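Novice: PDB entry and its sequence, pasted below:
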Amino acid sequence: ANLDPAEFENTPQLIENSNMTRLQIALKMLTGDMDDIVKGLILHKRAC
Amino acid sequence: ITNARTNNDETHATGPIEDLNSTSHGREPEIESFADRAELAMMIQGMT
């Protein structure tokens, strides 16, 4: 500390904090219920 | 030994049967069957 000025102790903030919100929005949207992929099913013949 | 990437006929096993247990003859035909088609495709109909 105190040689490395203040903010070299970790990964550096690349994306601006404002843009981070826009990122989060799109993420939450496209991963929510609007998803489509679905797993598993069952084959069986019935006349119902 | 020789090879053949052939699957549209047999043309490789030929000969006369000599006993009801003979295992090296040609090929004889089979019962003449019919269509019997019923796919499994999510609400196919009757065709009875």
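Specialist: Great, that's in hand. Numbers count the residues shown, from 1 in each chain, chains lettered A, B, ... in the order given.
Novice: how many other residues sit next to residue B:25?
Specialist: Number of residues near residue B:25 (other Cβ atoms under 10 Å in any protein chain shown) recorded here: 13. In this view, the C-beta of every residue, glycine as well, is placed from N, C-alpha and C.
Novice: name all residues that make contact with it.
Specialist: B:13-17 (Cβ atoms under 8 Å, 6 or more residues apart in numbering or on different chains).
Novice: and if we set it to 10 Å?
Specialist: B:13-19 (Cβ atoms under 10 Å, 6 or more residues apart in numbering or on different chains).
Novice: from residue B:21, how far out is the residue nearest the centre of chain B?
Specialist: The centroid of chain B falls nearest to residue B:30 when counting by Cα atoms, centre = their mean (7.8 Å). Separation of residue B:30 from residue B:21 (Cβ to Cβ, to the nearest Å): 20 Å.
Novice: and residue A:13, by the same measure?
Specialist: Noted for residue A:13: a distance of 84 Å to residue B:21, by Cβ to Cβ.
Novice: neighbour-wise, which of those two wins?
Specialist: Shown here are residue A:13 and residue B:21; by other Cβ under 10 Å, residue A:13 has more neighbours (9 against 6).
Novice: for chain A, which residue is closest to the average position?
Specialist: Geometric centre of chain A, nearest residue: residue A:27, 4.8 Å, by Cα atoms, centre = their mean.
Novice: helix, strand or coil: sort out that one for me.
Specialist: Secondary structure state of residue A:27, per DSSP: H, G, I helix; E, B strand; the rest coil, is helix.
Novice: ok, it - contacts?
Specialist: By Cβ under 10 Å, 6+ apart, the contact set of residue A:27 is empty.
Novice: how far away is it from residue A:15?
Specialist: As judged by Cβ to Cβ, residue A:27 and residue A:15 stand 13 Å apart.
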